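Participant: only geometry, no sequence info:
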Ligand SMILES: [Cl-]
Ligand SMILES: [Cl-]
Ligand SMILES: [Cl-]
Ligand SMILES: [Cl-]
Ligand SMILES: [Cl-]
Ligand SMILES: [Cl-]
Ligand SMILES: [Cl-]
Ligand SMILES: [Cl-]
Ligand SMILES: [Rh+3]
Ligand SMILES: [Rh+3]
Ligand SMILES: [Rh+3]
Ligand SMILES: [Rh+3]
Ligand SMILES: [Rh+3]
Ligand SMILES: [Rh+3]
Ligand SMILES: [Rh+3]
Ligand SMILES: [Rh+3]
């Protein structure tokens, strides 16, 4: 649990997700994206399942990054929702939703969707 | 921005979402689902845009709930991703993602997608 | 099942969705968006469950619109995926996905997600 | 356009998507999934952009499969929404929504989301 997820992961875009698993389920750390209106690190927070199953299933988790730091504000936030798989090629497989603040008139087009896969190399 | 988010919020299912918005952009609270493999409050955390634009744009935000508490463990996690719209009929408009831990053969079906709209009611 | 789907349907944006449901499970028609880079009818096609269960369950269905007609080309496509619920206040409840053609560097942001609920109005 | 997309593709699960691009934008063919309540082929229909851009961007497309054939009915339908990329390693990169028919009471959990990548080998 804690041991697996805690640390540095990298997705297929080159972004760098540096997280610490609390013992109770807390997720805390930072996020630097390779693309988008984004530069340097951003704060992130979320949760994972701290007593996950033994049947060889992944560990369900989820975190969120609001795209504002000491450099820029993108008026957006994405949530990654996924599950952590251990073993030889450990991965965190996710899908995500990026909502950016709009007027009610562009609400229809406020949310992008996607998938990021995170490995340790 | 920080008063308008903070407090109790109810989605279209009857779920109760109690959240505190810090001044940095941090979200903390509890979520209680009306539906699903859930009962009582579950801890939540998220992030939001503490400097949203001043143009009638909503305020982007995310948060996560891992469906484990003292009472049960659904081995799953939801992230909600949307925007907050203040004023007379303030709402929090989300789309969400729920991943449950599955086996590798079952990963293709591990994730539900939906939308929740929250009102102060 | 085939009468209840066929006809004119309006989402929460004012868009008009004219569809014919064949007896095999086929959907044909036109879609006219109230929003976006669109104007006049666009051709649509989809599929539905022509033997939905008899247990109060809705009727699964999908359809696609490529945003090219005689008038303009947004180089993009939406699929709607939901269920039809008959009776007094019949609705078609969708979530949708809109992909626009992008470059490879831009693929991560090529896809919008949303929901549309259709009423006979 | 037509030339690229028309034919046989395979996703990362082993499913077999056999499609024909109309000259106007029509998509027609069959779908055999490796997983899920699915056996043999199912009819599919959809649309792609028939005059796509020249700037090296993908071709936006979308299709739908209702999971009923002469063998079984899964009371579900998925829509794939994505874009076709030509060149050496041609791919159709998609995300999808599988909605299954539910009572209004399980509507919240009626729709799964995912991503399939289709290549020619
Ligand atoms: Cl279990
Ligand atoms: Cl993967
Ligand atoms: Cl600002
Ligand atoms: Cl809405
Ligand atoms: Cl049946
Ligand atoms: Cl709804
Ligand atoms: Cl162009
Ligand atoms: Cl890919
Ligand atoms: Rh258990
Ligand atoms: Rh991929
Ligand atoms: Rh600004
Ligand atoms: Rh809504
Ligand atoms: Rh049946
Ligand atoms: Rh709704
Ligand atoms: Rh053009
Ligand atoms: Rh993948």
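Facilitator: Everything's here; your move. Residues are numbered from 1 along each chain as shown, chains lettered A, B, ... in the order given. Ligands and ions are numbered 1, 2, ... in the order given.

Participant: I figured residue A:35 hits residue C:107, correct?
Facilitator: No. Taking contacts as CB atoms under 8 Å, residue A:35 lies outside contact range of residue C:107: 9.8 Å. Where C-beta positions appear, they are placed from N, C-alpha and C, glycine not excepted.

Participant: With neighbour numbers in mind, choose between the two.
Facilitator: The neighbour comparison of residue A:35 against residue C:107 (other CB atoms under 10 Å in any protein chain shown) goes to residue C:107, with 21 against 13.

Participant: Quantify the burial of the residue nearest to that one when sequence neighbours are not counted by counting its neighbouring residues.
Facilitator: Take residue C:107 and drop its neighbours on the chain: the residue closest to it by CB to CB, 6 or more residues apart in numbering or on different chains is residue D:93, 6.6 Å away. Applying other CB under 10 Å, we find 21 other residues in the vicinity of residue D:93.

Participant: Could you spell out the sheet neighbours of the helix or strand harbouring residue D:93, each with its direction?
Facilitator: Here residue D:93 sits within strand D:91-100, counting by DSSP states H and E. For strand D:91-100, the paired strands and their directions (DSSP bridges) read strand D:73-85 (antiparallel), strand D:111-119 (antiparallel).

Participant: what residue lies at the spatial centre of chain A?
Facilitator: Closest to where the C-alpha atoms of chain A average out (CA atoms, centre = their mean) is residue A:80, at 4.4 Å.

Participant: Tell me where chain A has strands.
Facilitator: Applying DSSP state E to chain A gives strands spanning A:7-10, A:16-21, A:26-32, A:42-48, A:59-68, A:73-85, A:91-100, A:111-119.

Participant: For chain A, what lies in contact range of chain C?
Facilitator: Listed as neighbours of chain C in chain A under the rule CB under 8 Å from any CB of the partner chain: A:13, A:35, A:36, A:97, A:98, A:106, A:108, A:109, A:111, A:112, A:113, A:114.

Participant: quick one: contacts for the second one?
Facilitator: The reference is to residue A:35. Applying CB atoms under 8 Å, 6 or more residues apart in numbering or on different chains, we find residue A:35 in contact with A:13, A:15, C:105, C:108, C:109.

Participant: Scan the residues you listed and report the most crowded one.
Facilitator: The residue in the contacts of residue A:35 with the most neighbours, by other CB under 10 Å, is residue C:108 (22 neighbours).

Participant: so, if you compare the residues of chain A next to chain C, which one comes nearest to residue B:58?
Facilitator: If you rank these by distance to residue B:58 using CB to CB, residue A:106 comes first, at 9.8 Å.

Participant: and the closest residue to that closest one other than its chain neighbours, how far is that from chain B?
Facilitator: If the residues on either side of it in the chain are set aside, residue A:106 comes closest to residue C:35, at 8.0 Å by CB to CB, 6+ apart. Residue C:35 is 16 Å from chain B, where distance means CB to the nearest CB, to the nearest Å.

Participant: Count the residues that sit near the residue of chain A at minimum distance from chain D.
Facilitator: Closest to chain D within chain A is residue A:115: 4.7 Å, counting by CB to the nearest CB. Applying the criterion other CB under 10 Å, we find 21 residues in the vicinity of residue A:115.

Participant: for residue A:87, same thing?
Facilitator: For residue A:87, the neighbour count with other CB under 10 Å is 9.

Participant: ok, now which ones touch it?
Facilitator: Neighbour list for residue A:87: empty [criterion: CB under 8 Å, 6+ apart].

Participant: How about the contacts made by residue A:9?
Facilitator: A:16, A:17, A:18, A:19, A:92, A:118, A:119, A:120.

Participant: Which single residue of chain A ends up nearest chain C?
Facilitator: Distances between chain A and chain C by CB to the nearest CB are smallest at residue A:113, namely 3.8 Å.

Participant: Quick check: that residue vs residue A:57, distance?
Facilitator: 24 Å (CB to CB, to the nearest Å).

Participant: Same drill for the two, tell me which one is more crowded.
Facilitator: Between residue A:113 and residue A:57, residue A:113 has the larger neighbour count (other CB under 10 Å), namely 28 against 20.

Participant: doesn't residue D:97 make contact with the more buried one?
Facilitator: No. If you go by CB under 8 Å, residue A:113 and residue D:97 don't touch, sitting 9.7 Å apart.

Participant: Now for the residue of chain A closest to chain D: which residues touch it?
Facilitator: Neighbour list for residue A:115: A:93, A:94, A:95, A:96, D:95, D:115 [criterion: CB under 8 Å, 6+ apart].

Participant: if we go to 10 Å?
Facilitator: A:11-12, A:80, A:82, A:93-96, B:111, C:108, C:111, D:93, D:95, D:113-115, D:117 (CB atoms under 10 Å, 6 or more residues apart in numbering or on different chains).

Participant: And residue A:109, by the same measure?
Facilitator: A:100, A:102, C:35, C:36, C:98, C:112, C:114.

Participant: Just the buried residues of those.
Facilitator: A:100, A:102, C:36, C:98, C:112, C:114 (16 or more other CB atoms under 10 Å in any protein chain shown).

Participant: What residues does residue A:102 make contact with?
Facilitator: A:75-76, A:108-111, B:53, B:55-58, B:60, B:83, B:85.

Participant: repeat that for 7 Å
Facilitator: A:110, B:57, B:58, B:83 (CB atoms under 7 Å, 6 or more residues apart in numbering or on different chains).

Participant: With residue A:31 instead?
Facilitator: Contact analysis of residue A:31 by CB under 7 Å, 6+ apart lists A:17, A:41, A:42, A:44, A:65.

Participant: same thing but at 10 Å, please
Facilitator: For residue A:31, the contacting residues are A:15-19, A:38, A:40-44, A:63-67, A:69, A:78, A:80, by CB under 10 Å, 6+ apart.
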